[PDB]
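K.L.:
Submitted below is the structure of interest, expressed as structure tokens.
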Amino acid sequence: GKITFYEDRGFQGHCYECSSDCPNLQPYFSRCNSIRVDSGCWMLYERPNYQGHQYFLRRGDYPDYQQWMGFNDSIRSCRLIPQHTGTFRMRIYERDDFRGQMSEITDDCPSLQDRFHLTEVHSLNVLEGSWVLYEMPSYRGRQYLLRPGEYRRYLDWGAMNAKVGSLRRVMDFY
């Protein structure tokens, strides 16, 4: 994977190229107003150590932070999300601790309200592949990376509430 962070808009100013997870990008650049992703799928974070707002980015040019739905110009850590091919599979539960009715999801789900008549998911289990969970339908609102693992309550995926509108598999366009 290869991503380049630039301090000013339109690929200008001081920059840094990254090829791997980095829990603290602040020693390399002071702010981020544009990004070019050359390869890989990445989760970027507002604060070091993978905290704050998160943003999912795939290959492409992002000449201003609105192109990645950024909240501001702070990008202080990043993960290169490991690539996975074949089946992505997760299970969502109506209550925490894997209780209530469970639904199994293996495709992108742009609206859990349309598909399951749910506005909230209170625990979920990611069996294969990484996913991005979005607070609102249609890949809107706050984003949260989900790697394989148990998430027995919403705090485990870093959210402030249980609202889950859509889920996207982390797949490169090809």
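Using the numbering of Swiss-Prot, the residues shown for chain A are 2-175, in order.
Heads up, header says this was done by X-ray crystallography, 1.2 Å.
Using the three backbone atoms N, Cα and C, a Cβ is placed for every residue, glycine included.
So Swiss-Prot lists these for the protein:
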- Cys19-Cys23: disulfide bond (DISULFID)
- 2-40: domain 'Beta/gamma crystallin 'Greek key' 1' (DOMAIN)
- 89-129: domain 'Beta/gamma crystallin 'Greek key' 3' (DOMAIN)
- 130-172: domain 'Beta/gamma crystallin 'Greek key' 4' (DOMAIN)
- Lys3: glycation site (CARBOHYD)
- 84-88: region 'Connecting peptide' (REGION)
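Relative to the rest of the structure, where do these features sit?
P.N.:
Under a cutoff of 8 A between CB atoms, and with a sequence separation of 6+ in the same chain, the neighbours of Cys23 (disulfide bond) are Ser78, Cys79. DSSP assigns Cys23 (disulfide bond) to a strand in the three-state reduction.
Residues 49-51, 58-66, 69, 71, 74-81 of the same chain lie 6 or more positions beyond the ends of the domain 'Beta/gamma crystallin 'Greek key' 1' (2-40) yet place their CB under 8 Å from a CB of it.
A 10 Å cutoff on Cβ-Cβ distances gives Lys3 (glycation site) a total of 15 other Cβ atoms nearby, all chains included.
DSSP assignment over the region 'Connecting peptide' (84-88) gives 0 helix, 0 strand, 5 coil.
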K.L.:
So if I measure Cβ to Cβ from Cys19 (disulfide bond) and keep only same-chain residues at least 6 apart in sequence, which ones fall under 8 Å?
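P.N.:
The list for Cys19 (disulfide bond) reads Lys3, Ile4, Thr5, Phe6, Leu26, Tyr29, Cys79, given in order along the sequence.
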K.L.:
Using DSSP, how many residues in the domain 'Beta/gamma crystallin 'Greek key' 3' (89-129) fall into helix, strand and coil?
P.N.:
5 helix, 22 strand, 14 coil
K.L.:
Please spell out the DSSP helix, strand and coil residue counts for the domain 'Beta/gamma crystallin 'Greek key' 4' (130-172).
P.N.:
4 helix, 21 strand, 18 coil
